[PDB]
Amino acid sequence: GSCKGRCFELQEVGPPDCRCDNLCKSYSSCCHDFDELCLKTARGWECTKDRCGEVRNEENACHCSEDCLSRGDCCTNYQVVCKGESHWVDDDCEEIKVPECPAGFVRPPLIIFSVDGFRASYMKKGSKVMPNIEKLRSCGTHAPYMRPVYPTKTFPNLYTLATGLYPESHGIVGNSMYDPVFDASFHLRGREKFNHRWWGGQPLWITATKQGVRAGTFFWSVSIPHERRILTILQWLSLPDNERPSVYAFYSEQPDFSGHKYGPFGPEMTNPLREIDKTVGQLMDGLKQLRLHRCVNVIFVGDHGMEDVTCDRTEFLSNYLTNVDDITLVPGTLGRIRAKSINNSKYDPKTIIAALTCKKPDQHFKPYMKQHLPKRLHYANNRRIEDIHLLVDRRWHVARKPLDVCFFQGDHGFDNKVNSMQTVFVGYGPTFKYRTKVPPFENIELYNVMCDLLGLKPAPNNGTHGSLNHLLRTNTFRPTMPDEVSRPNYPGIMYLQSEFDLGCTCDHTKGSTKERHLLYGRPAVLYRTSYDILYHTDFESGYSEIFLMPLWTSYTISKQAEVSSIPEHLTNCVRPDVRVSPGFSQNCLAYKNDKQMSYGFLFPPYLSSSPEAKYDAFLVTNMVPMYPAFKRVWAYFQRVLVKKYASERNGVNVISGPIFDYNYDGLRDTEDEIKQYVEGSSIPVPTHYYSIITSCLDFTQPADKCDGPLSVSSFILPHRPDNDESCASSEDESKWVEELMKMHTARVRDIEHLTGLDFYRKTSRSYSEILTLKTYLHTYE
């Protein structure tokens, strides 16, 4: 048939009839007259003086006739040129206290305006280059920058924005991927991306449709120019109440292309930024023309930043591996390695990793088995993520061999904490705040916000719902603190010293402990288990009788506190805990028989308040299994760094503990999932150790008497039997441990997922502020 009267229709027609929608050029299914009827270009996209009040001519791309406003198809500048109206950008900021929408609108619409490769620092260029974007920014709600997901590439980030999920969960783990179950590859170029099997989770357009909220088609065939896309959105916004969508999207491919060619700081970046701003200007003028400029919520959001990268900064795997033709490399600003052929039984990942580990002094990438990547990246739990991963230094590439390789000066893809990868967020409209700055946040949080903006219930996702309530004038969501599942026991003196046969040798009480050492209340255990609260002068812990060690150990170290040494006669001291059964305690004979495994302590003897109290630090209930290699890291943290942090931050409260994540899903392991124990024992081996280090944001107040907001940094250290990750680890600990720790920085939330614990349950702060605190990441950038 014809597309007459159905150009860019909001219902995709089945395989009997031809199509007239946004994507009919991509699946080459358009009616023969789609180009003629739906892609008119005559006289361009702007009204001029001589066209004002013209008789309508159906050949024109947009109209300047008296009927155009009623028909909803004026050029965006019609009112400005023909009716003496002002451009939206020339109007003062005026607070939008309530949505001002035409009658019949049931909710404020949401428009998502996405930009590809828009570096946070581009907003520096100001009104001189981007006057419309700068008005949105300063008038609405904005962050200094927004953290994308890893890898910092287009598709993983665009689908993360839409779903609230990590790539490991939504399935778009790269612009390129191989799936070994499908035995097929996915690429930006090609038809494979159109198959539904790749795309998991529930994107916003689906959440909307399932709950009765109609969505505009988010995507366009590339041959449809930007001006037509804006006019079509404006057209859809003029439909009747029963047909009009409530959510829309526009995606710009700029300024990515120019960034790749000229680099992020080229003079050539100005015009692409002007072009995007012009497009924003057309949307805002068009909205104003329709009287929807104080009705619609607009999000201006980037997918990632852009870095200086040239082909002369390329590492080649052929300089490291002898049999480089036996492997397949996903290359560039990250590396992923698998066997070239599945028939090759000789392929060995251990050999590959070893060959790629600390071989050149300036070496500009580092290899990892995926389960050993920093947990903050959340990049492992998907069969499309190859076992071998290369984290590449900012400014560099990795390639397989030299003949694989100047056509570019910019790239992206690196670690999402790198500054050049940070991107933009602006929220403008009745539901966002007025002239408000908010702290940097992660793009995984936006799905929840977009659902709140539309009155939708979010599908289960990786955001923390409530953590961005402070972006909004009005909230449909009020978060609730979860219910504790397991109540603690508080055991007294229940057992004799001589009743222990553990092979170990050595040469209000509640109220005082709790108020000094648990500043923010007891963590809640959100799963079914059996644990005991143990009180001591210097620290408090929740001891698990199932894992035979603390789930958490909590203590406070003032700026005045003194570092002592473990005296030589107590080096091998481990003491039984009379409150805890011998059958629910560790034993020292397990450690003697296990030739690879030693032990450490969660509360450090080095920071004990007296020689008397120090004895509690050696209790069997404060003991945890530690590889000798890891003890170098842990000893340096406890002996040197905790004190240094207390000094710099005016006291710190520390909560430390074990993490078990053998299946690398970022979630607390059950007993069944633990694959390693201290030899011949029931004592499970942690994959990581965490600490959460809290103090007062106002550091002139000490940590234990803080009136206002809190300040937190945390980490999740991998519990490794070597220090191969750290190329400088033969040197003194002062030259490498802290760099290791900063690489493994983490959010409190990451620790909560991995432990099934809920922190900060008793503070003077609102729960919404606390959720914000829990999503914070200290990046060291």
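The first residue of the shown sequence is 1; numbering continues from there.
Missing coordinates between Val405 and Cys406 amount to 4 to 9 residues of the deposited sequence. According to the PDB entry, the deposited sequence contains 10 or more residues between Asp507 and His508 that lack coordinates. Judged by mean Cα B factor in the deposited record, 570 to 578 ranks above the other of 680 to 688 and 570 to 578. As the entry records it, the average C-alpha temperature factor is higher for 598 to 606, out of 598 to 606 and 197 to 205.
The entry assigns its greatest Cα B factor, within the set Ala613, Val330, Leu456, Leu551, to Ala613. Highest C-alpha temperature factor among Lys210, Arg376, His465, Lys360 per the entry: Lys360. When the CA B factors of the chain's modelled residues are split into thirds, the value for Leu740 lands in the middle one. When the modelled residues of the chain are ordered by C-alpha B-factor, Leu717 sits in the lowest third. Ranked within its chain, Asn57 lands in the highest third, by CA B factor from the PDB record.
When the modelled residues of the chain are ordered by their C-alpha B factor, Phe584 lands in the highest third.
Per the PDB record, residue ranking by Cα B-factor puts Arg516 in the highest third of the chain.
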